[PDB]
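>>> below you'll find the sequence and an experimental structure to go with it.
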Amino acid sequence: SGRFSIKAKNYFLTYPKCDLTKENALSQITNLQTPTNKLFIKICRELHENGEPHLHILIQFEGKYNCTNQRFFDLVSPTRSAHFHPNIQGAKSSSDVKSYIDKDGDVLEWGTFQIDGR
């Protein structure tokens, strides 16, 4: 009846068993346009206990972005003719992002984050 429409300032992409690198995702994500504006970009890789390679992404736009289409975050393999459909998730938190941001460790840092208000 309804449609998939997400509206949040924070968005998290999850790629299950995705052999996609942070560089490719960083380039694709970075090259990924938005109706708002891309501020900070945090890409961290994580492997599941299932032995499947997972990737984590955390971006924060200056304004609330409407992710009512899972075609924008559509990442494909630039080395293989395979497409991947990441799961878009809206962070109901605000600063909580900073908490996770602190949790560094072999990750790609792009852009500069800025918490509006205190």
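Yep, it's here. Numbering: from 1, shown residues only.
>>> please name the residues that touch residue 77.
Going by CB atoms under 8 Å, 6 or more residues apart in numbering, residue 77 touches 19, 20, 24, 83, 84. From N, CA and C alone the C-beta is placed, and that goes for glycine too.
>>> number of nearby residues for the first one?
The burial metric for residue 19, expressed as a neighbour count using other CB atoms under 10 Å, is 14.
>>> and the longest helix along the chain, what other elements does it pack with?
Determined from DSSP state H, the single longest helix within the chain is helix 22-31. Packing partners of helix 22-31 (3 or more CB pairs under 8 Å, 6 or more residues apart in numbering; DSSP states H and E): strand 7-15, strand 38-47, strand 53-66, strand 75-76, strand 107-111.
>>> which strands and helices sit next to the second one?
To tie it back to what came earlier, the one meant is strand 38-47. In terms of contacts (3+ CB pairs under 8 Å, 6+ apart), strand 38-47 is packed against helix 22-31, strand 53-66, helix 96-102, strand 107-111.
>>> residue 107 and residue 42 touch, don't they?
Yes - Residue 107 is within contact range of residue 42, at 6.5 Å (criterion: CB atoms under 8 Å).
>>> between the two, which one's more packed in?
Set side by side, residue 107 and residue 42 show more neighbours around residue 42, with 23 against 15, by other CB under 10 Å.
>>> list the contacts of that one.
Going by CB under 8 Å, 6+ apart, residue 42 touches 57, 58, 59, 100, 101, 107, 108, 109, 110.
>>> try residue 46
54, 55, 56.
>>> who's the first one bridged to?
Beta-bridge partners recorded for residue 54 (DSSP bridges): residue 46.
>>> okay, the contacts of residue 77 in a markdown table with secondary structure next?
Formatted as a markdown table, the contacts of residue 77 follow (DSSP: H, G, I helix; E, B strand; the rest coil):
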| residue | secondary structure |
| --- | --- |
| 19 | coil |
| 20 | coil |
| 24 | helix |
| 83 | strand |
| 84 | strand |
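>>> among the residues you listed, which one is most surrounded by other residues?
With neighbours taken as other CB under 10 Å, the top of the contacts of residue 77 is residue 20, carrying 22 neighbours.
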